[PDB]
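Enquirer: The following file, upload19.txt, comprises compact mmCIF, C-alpha atoms and all ligand atoms:
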# COMPACT_ATOMS: atom_id res chain seq x y z
CA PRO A 1 -12.83 12.98 -5.48
CA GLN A 2 -12.22 12.53 -1.79
CA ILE A 3 -11.86 8.88 -0.85
CA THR A 4 -12.26 7.62 2.72
CA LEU A 5 -10.53 4.44 3.81
CA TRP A 6 -13.28 2.49 5.58
CA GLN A 7 -13.32 0.27 2.55
CA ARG A 8 -10.50 -0.65 0.10
CA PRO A 9 -9.86 2.21 -2.27
CA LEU A 10 -10.71 0.28 -5.52
CA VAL A 11 -11.31 2.22 -8.67
CA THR A 12 -11.96 1.43 -12.29
CA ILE A 13 -9.07 1.72 -14.70
CA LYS A 14 -9.09 1.48 -18.47
CA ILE A 15 -6.08 -0.15 -20.12
CA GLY A 16 -5.92 -1.65 -23.61
CA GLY A 17 -9.59 -0.84 -24.17
CA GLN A 18 -10.55 -2.95 -21.15
CA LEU A 19 -12.04 -1.99 -17.82
CA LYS A 20 -10.39 -3.46 -14.74
CA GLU A 21 -10.51 -2.91 -10.99
CA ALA A 22 -7.38 -1.55 -9.29
CA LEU A 23 -6.26 -0.50 -5.82
CA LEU A 24 -5.01 3.08 -5.06
CA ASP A 25 -1.89 2.13 -3.12
CA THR A 26 0.29 4.80 -1.50
CA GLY A 27 2.59 2.12 -0.03
CA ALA A 28 3.52 0.88 -3.51
CA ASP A 29 6.36 2.63 -5.29
CA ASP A 30 5.34 1.07 -8.60
CA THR A 31 2.21 0.12 -10.48
CA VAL A 32 1.80 -3.67 -10.75
CA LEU A 33 -0.85 -5.34 -12.86
CA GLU A 34 -2.03 -8.91 -13.12
CA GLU A 35 -1.04 -10.96 -16.17
CA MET A 36 -2.09 -9.38 -19.45
CA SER A 37 -0.72 -8.63 -22.92
CA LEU A 38 0.93 -5.23 -23.33
CA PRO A 39 2.58 -3.72 -26.45
CA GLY A 40 6.33 -3.40 -27.04
CA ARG A 41 9.38 -4.91 -25.40
CA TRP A 42 9.83 -5.43 -21.73
CA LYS A 43 12.74 -5.21 -19.36
CA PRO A 44 13.28 -7.35 -16.27
CA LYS A 45 12.68 -6.06 -12.71
CA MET A 46 12.74 -7.50 -9.19
CA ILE A 47 10.33 -5.99 -6.70
CA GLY A 48 9.88 -6.76 -3.02
CA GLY A 49 6.61 -6.77 -1.14
CA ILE A 50 5.60 -8.05 2.27
CA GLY A 51 6.45 -11.74 1.69
CA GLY A 52 9.56 -11.31 -0.46
CA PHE A 53 10.70 -10.56 -4.00
CA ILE A 54 9.07 -11.46 -7.29
CA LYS A 55 10.11 -11.10 -10.97
CA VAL A 56 7.99 -8.83 -13.13
CA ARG A 57 7.99 -7.57 -16.68
CA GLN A 58 8.48 -3.80 -17.14
CA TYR A 59 6.62 -1.98 -19.89
CA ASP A 60 7.21 1.73 -20.45
CA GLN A 61 5.00 4.54 -21.79
CA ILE A 62 1.72 2.65 -21.29
CA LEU A 63 -1.50 4.66 -21.41
CA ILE A 64 -3.88 3.98 -18.53
CA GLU A 65 -6.96 5.92 -17.50
CA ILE A 66 -7.67 6.09 -13.76
CA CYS A 67 -11.12 7.51 -12.89
CA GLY A 68 -11.21 9.51 -16.09
CA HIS A 69 -7.68 10.81 -15.62
CA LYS A 70 -5.24 9.82 -18.33
CA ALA A 71 -1.76 8.82 -17.25
CA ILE A 72 1.14 7.49 -19.30
CA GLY A 73 3.87 5.63 -17.56
CA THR A 74 5.70 2.52 -16.43
CA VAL A 75 3.60 -0.51 -15.61
CA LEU A 76 4.94 -3.82 -14.24
CA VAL A 77 3.20 -7.11 -14.96
CA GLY A 78 3.56 -10.11 -12.65
CA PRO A 79 1.94 -12.36 -9.99
CA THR A 80 0.03 -9.85 -7.89
CA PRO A 81 -3.13 -10.50 -5.77
CA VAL A 82 -4.85 -7.42 -7.23
CA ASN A 83 -4.09 -4.66 -9.79
CA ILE A 84 -2.03 -2.00 -7.90
CA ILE A 85 -1.71 1.70 -8.80
CA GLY A 86 1.47 2.93 -7.18
CA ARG A 87 3.06 6.30 -6.55
CA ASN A 88 4.48 6.65 -10.04
CA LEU A 89 0.91 7.03 -11.45
CA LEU A 90 -0.70 8.51 -8.34
CA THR A 91 1.58 11.56 -8.69
CA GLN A 92 0.52 12.00 -12.33
CA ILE A 93 -3.19 12.23 -11.44
CA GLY A 94 -2.38 14.62 -8.56
CA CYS A 95 -3.17 12.31 -5.66
CA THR A 96 -2.39 13.33 -2.08
CA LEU A 97 -3.07 12.09 1.44
CA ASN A 98 -4.84 14.45 3.83
CA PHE A 99 -5.69 14.45 7.56
CA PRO B 1 -1.26 17.99 6.77
CA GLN B 2 -1.35 17.51 2.98
CA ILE B 3 1.14 14.78 2.03
CA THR B 4 2.32 14.44 -1.59
CA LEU B 5 3.50 11.14 -3.12
CA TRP B 6 6.74 12.27 -4.80
CA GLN B 7 8.53 10.34 -2.04
CA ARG B 8 7.25 7.49 0.19
CA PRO B 9 4.72 8.87 2.74
CA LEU B 10 6.75 8.28 5.95
CA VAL B 11 5.66 9.73 9.26
CA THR B 12 6.81 9.47 12.83
CA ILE B 13 4.67 7.25 15.04
CA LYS B 14 4.89 6.57 18.78
CA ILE B 15 4.15 3.15 20.15
CA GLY B 16 5.05 1.73 23.52
CA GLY B 17 7.31 4.67 24.30
CA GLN B 18 9.44 4.13 21.20
CA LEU B 19 9.40 6.53 18.26
CA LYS B 20 9.41 4.84 14.83
CA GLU B 21 9.13 5.71 11.13
CA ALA B 22 6.18 4.24 9.28
CA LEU B 23 4.54 4.25 5.89
CA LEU B 24 0.97 5.59 5.43
CA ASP B 25 -0.33 2.77 3.23
CA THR B 26 -3.82 2.96 1.73
CA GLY B 27 -3.26 -0.43 0.05
CA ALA B 28 -2.76 -2.20 3.38
CA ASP B 29 -5.87 -3.47 5.22
CA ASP B 30 -3.84 -4.04 8.39
CA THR B 31 -1.05 -2.31 10.30
CA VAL B 32 2.18 -4.34 10.40
CA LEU B 33 5.20 -3.44 12.39
CA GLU B 34 8.72 -4.84 12.70
CA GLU B 35 9.51 -7.22 15.55
CA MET B 36 9.04 -5.66 18.96
CA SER B 37 7.53 -6.50 22.33
CA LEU B 38 4.01 -5.38 23.11
CA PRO B 39 2.13 -6.12 26.34
CA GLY B 40 -0.86 -8.46 26.47
CA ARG B 41 -1.75 -11.65 24.65
CA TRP B 42 -1.39 -12.32 20.99
CA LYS B 43 -2.86 -14.63 18.39
CA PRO B 44 -0.94 -16.17 15.40
CA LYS B 45 -1.88 -14.91 11.94
CA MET B 46 -0.63 -15.22 8.34
CA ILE B 47 -0.75 -12.11 6.18
CA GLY B 48 0.10 -11.95 2.54
CA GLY B 49 0.85 -9.67 -0.35
CA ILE B 50 3.36 -9.61 -3.17
CA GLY B 51 6.12 -12.09 -2.55
CA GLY B 52 3.86 -14.31 -0.45
CA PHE B 53 2.81 -14.72 3.18
CA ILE B 54 4.53 -14.09 6.48
CA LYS B 55 3.63 -15.20 10.04
CA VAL B 56 2.76 -12.38 12.44
CA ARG B 57 1.54 -11.94 16.07
CA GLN B 58 -1.81 -10.17 16.36
CA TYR B 59 -2.13 -7.73 19.31
CA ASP B 60 -5.55 -6.13 19.72
CA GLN B 61 -6.44 -2.65 20.96
CA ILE B 62 -3.01 -1.04 20.94
CA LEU B 63 -2.63 2.71 21.16
CA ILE B 64 -0.46 4.45 18.53
CA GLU B 65 0.16 8.12 18.10
CA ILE B 66 0.37 9.00 14.40
CA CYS B 67 1.54 12.64 14.03
CA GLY B 68 0.07 13.72 17.38
CA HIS B 69 -3.26 12.05 16.63
CA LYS B 70 -4.10 9.16 18.93
CA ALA B 71 -5.54 5.94 17.46
CA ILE B 72 -6.51 2.55 18.88
CA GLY B 73 -6.53 -0.68 16.94
CA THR B 74 -5.15 -4.09 16.06
CA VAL B 75 -1.40 -4.16 15.36
CA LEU B 76 0.43 -7.08 13.73
CA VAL B 77 4.09 -7.67 14.65
CA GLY B 78 6.42 -9.68 12.43
CA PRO B 79 9.24 -9.79 9.82
CA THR B 80 8.03 -6.94 7.64
CA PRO B 81 10.70 -4.94 5.74
CA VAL B 82 9.07 -1.59 6.70
CA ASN B 83 6.57 -0.42 9.36
CA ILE B 84 3.23 0.05 7.72
CA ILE B 85 0.13 1.88 8.90
CA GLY B 86 -2.90 0.41 7.25
CA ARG B 87 -6.53 1.38 6.75
CA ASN B 88 -7.64 0.12 10.14
CA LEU B 89 -5.67 3.01 11.73
CA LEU B 90 -5.70 5.55 8.89
CA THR B 91 -9.50 5.92 9.19
CA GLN B 92 -9.13 6.78 12.90
CA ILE B 93 -6.98 9.83 12.18
CA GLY B 94 -9.30 11.01 9.39
CA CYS B 95 -6.98 10.18 6.50
CA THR B 96 -8.37 10.50 2.99
CA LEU B 97 -7.10 10.16 -0.56
CA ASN B 98 -7.78 13.23 -2.76
CA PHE B 99 -7.37 14.00 -6.46
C1 LIG A 101 3.76 -3.12 -4.74
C2 LIG A 101 5.23 -3.32 -4.49
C3 LIG A 101 6.11 -2.40 -5.27
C4 LIG A 101 7.35 -2.20 -4.54
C5 LIG A 101 7.05 -1.93 -3.05
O1 LIG A 101 6.68 -0.57 -2.80
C6 LIG A 101 5.68 -2.70 -3.10
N1 LIG A 101 4.81 -2.40 -1.92
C7 LIG A 101 4.26 -3.28 -1.09
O2 LIG A 101 4.14 -4.49 -1.31
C8 LIG A 101 3.76 -2.65 0.27
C9 LIG A 101 4.72 -2.99 1.42
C10 LIG A 101 6.13 -2.56 1.15
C11 LIG A 101 6.48 -1.21 0.96
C12 LIG A 101 7.84 -0.87 0.79
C13 LIG A 101 8.78 -1.90 0.82
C14 LIG A 101 8.45 -3.25 0.89
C15 LIG A 101 7.10 -3.59 1.07
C16 LIG A 101 2.37 -3.24 0.66
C17 LIG A 101 1.27 -2.81 -0.29
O3 LIG A 101 1.18 -1.42 -0.20
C18 LIG A 101 -0.15 -3.33 -0.09
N2 LIG A 101 -0.39 -4.71 -0.54
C19 LIG A 101 -1.26 -4.47 -1.72
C20 LIG A 101 -1.72 -5.79 -2.34
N3 LIG A 101 -2.33 -6.68 -1.33
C21 LIG A 101 -3.62 -7.23 -1.46
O4 LIG A 101 -4.37 -6.73 -2.29
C22 LIG A 101 -4.09 -8.39 -0.62
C23 LIG A 101 -5.35 -8.31 0.01
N4 LIG A 101 -5.86 -9.36 0.65
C24 LIG A 101 -5.23 -10.54 0.69
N5 LIG A 101 -5.99 -11.58 1.19
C25 LIG A 101 -7.11 -12.12 0.39
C26 LIG A 101 -8.38 -12.41 1.25
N6 LIG A 101 -8.03 -13.25 2.45
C27 LIG A 101 -9.21 -13.62 3.26
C28 LIG A 101 -7.09 -12.47 3.29
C29 LIG A 101 -5.76 -12.20 2.52
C30 LIG A 101 -3.96 -10.65 0.09
CL1 LIG A 101 -3.12 -12.16 0.11
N7 LIG A 101 -3.41 -9.58 -0.54
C31 LIG A 101 -1.44 -6.92 -0.21
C32 LIG A 101 -1.06 -5.58 0.45
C33 LIG A 101 -0.19 -5.86 1.64
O5 LIG A 101 1.01 -6.09 1.49
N8 LIG A 101 -0.87 -5.84 2.82
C34 LIG A 101 -0.28 -6.07 4.13
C35 LIG A 101 -1.35 -5.80 5.23
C36 LIG A 101 0.19 -7.52 4.23
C37 LIG A 101 0.85 -5.10 4.42
Represent the structure contained in this file as structure tokens.

Expert:
Amino acid sequence: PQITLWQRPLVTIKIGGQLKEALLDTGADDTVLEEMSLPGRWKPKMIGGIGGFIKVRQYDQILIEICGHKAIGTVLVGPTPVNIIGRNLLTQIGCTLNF
Amino acid sequence: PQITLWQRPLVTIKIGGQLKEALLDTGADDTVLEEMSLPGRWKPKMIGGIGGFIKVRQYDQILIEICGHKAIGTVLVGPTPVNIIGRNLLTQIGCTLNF
């Protein structure tokens, strides 16, 4: 699909059998999700946004469907204002910017 | 052009005579730039994201040239770690997300 930016690019994602809303974010290197329970072990990671750095939990090889497109990759879980789909997963679904 | 997301989507922008590097950010509602002087009056504003909120100066109707394309809009100036071009300006240059 072609998505214009007059409105926030929110899409529906499916993770852990649940539907959630997430933002297609080209300015985010990583994918960061709000607090939830994910399988396996986690590693620590510090990530910096606009207001500073936060601590998140890193989970690898997590399956997540974005608009019907399956992706499997690294997801970070921490205190985020909204679920964010970053470049690591945007590249998997073949997302590009055009103008 | 067609920009891929393997690397951060940086582009050259021109504002107030100066040439700067900036991120094409679909996740950002606003355009935030690193400390600089812009003509006219400003209004104080707090913008937030991951890591918290920062205080910025809101300048309205500023002209920016993003890859040759001219655009007019509100620009926020403050202690951001990177120059970011948000949706308010991305729409003006006809930027879309495709996949
Ligand atoms: C994800 C991290 C991984 C590693 C880094 O790559 C990283 N990226 C980022 O953080 C980049 C910046 C960056 C890039 C490289 C290096 C350092 C920093 C910004 C990010 O792309 C967008 N980000 C998405 C979440 N988000 C919201 O949903 C949101 C929306 N609205 C809000 N509200 C709620 C209603 N209110 C009325 C009004 C305020 C609030 Cl608080 N928050 C804030 C927004 C943001 O920051 N917007 C701006 C205008 C402030 C810029």

Enquirer: Please, which residues have at least one atom within 6 Å of an atom of ligand LIG 101 (chain A), using all atoms listed in the file, listed as a PyMOL selection string?

Expert: (chain A and resi 25+27-30+47-50+81-82) or (chain B and resi 25+27-30+47-50+81-82)

Enquirer: Quick one: which residues from chain B are at most 10 Å off chain A, using only C-alpha atoms, as a PyMOL selection string?

Expert: chain B and resi 1-10+23-29+32+47-55+67+69+79-82+84-99

Enquirer: Please give the root-mean-square deviation of the Cα atoms once chain B has been least-squares fitted onto chain A, pairing every Cα in order.

Expert: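 When all C-alpha atoms are superposed, the deviation is 0.5 Å.
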
Enquirer: Given the choices B:36, B:56, B:46, B:19, which gets closest to residue B:76 if the distance is worked out from all atoms listed in the file?

Expert: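 That would be B:56, the residue with the smallest distance to residue B:76.
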
Enquirer: Taking 2 positions as the minimum chain separation for residues in the same chain, which residues sit within 8 Å of residue A:58 when counting only C-alpha atoms? Answer as an NGL selection string.

Expert: :A and (42-45 or 56 or 60 or 74-77)

Enquirer: Write the residues you've just listed into a file as a short mmCIF file (atom, residue, chain, number, x, y, z; two decimals), in the coordinates of the input, and include C-alpha atoms for each of them.

Expert:
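Result file follows (out-v2.cif):
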data_model
loop_
_atom_site.label_atom_id
_atom_site.label_comp_id
_atom_site.auth_asym_id
_atom_site.auth_seq_id
_atom_site.Cartn_x
_atom_site.Cartn_y
_atom_site.Cartn_z
CA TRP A 42 9.83 -5.43 -21.73
CA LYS A 43 12.74 -5.21 -19.36
CA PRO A 44 13.28 -7.35 -16.27
CA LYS A 45 12.68 -6.06 -12.71
CA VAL A 56 7.99 -8.83 -13.13
CA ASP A 60 7.21 1.73 -20.45
CA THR A 74 5.70 2.52 -16.43
CA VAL A 75 3.60 -0.51 -15.61
CA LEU A 76 4.94 -3.82 -14.24
CA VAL A 77 3.20 -7.11 -14.96
#

Enquirer: So that I can check the surroundings of residue A:64, please list as a list in words every protein, DNA and RNA residue that reaches within 9 Å of it, counting only C-alpha atoms and ignoring chain neighbours fewer than 2 positions away.

Expert: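 Close residues of residue A:64: residues 13, 14, 15, 16, 62, 66, 69, 70, 71, 72 and 73 of chain A.
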
Enquirer: Kindly save the residues from that selection, with C-alpha atoms included, as a CSV table (one decimal), in the frame of the given file.

Expert:
chain,number,residue,atom,x,y,z
A,13,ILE,CA,-9.1,1.7,-14.7
A,14,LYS,CA,-9.1,1.5,-18.5
A,15,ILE,CA,-6.1,-0.2,-20.1
A,16,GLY,CA,-5.9,-1.6,-23.6
A,62,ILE,CA,1.7,2.6,-21.3
A,66,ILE,CA,-7.7,6.1,-13.8
A,69,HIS,CA,-7.7,10.8,-15.6
A,70,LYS,CA,-5.2,9.8,-18.3
A,71,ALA,CA,-1.8,8.8,-17.2
A,72,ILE,CA,1.1,7.5,-19.3
A,73,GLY,CA,3.9,5.6,-17.6

Enquirer: Work out how far atom CA of residue B:17 is from atom CA of residue B:33, in Å to one decimal.

Expert: 14.6 Å

Enquirer: Just the number, please: distance in Å from atom CA of residue B:40 to atom CA of residue B:11, one decimal.

Expert: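 We find that atom CA of residue B:40 and atom CA of residue B:11 lie 25.9 Å from each other.
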
Enquirer: When you draw a straight line from atom CA of residue B:31 to atom CA of residue B:12, how long is it in Å?

Expert: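 Computing the Euclidean distance for atom CA of residue B:31 and atom CA of residue B:12 yields 14.4 Å.
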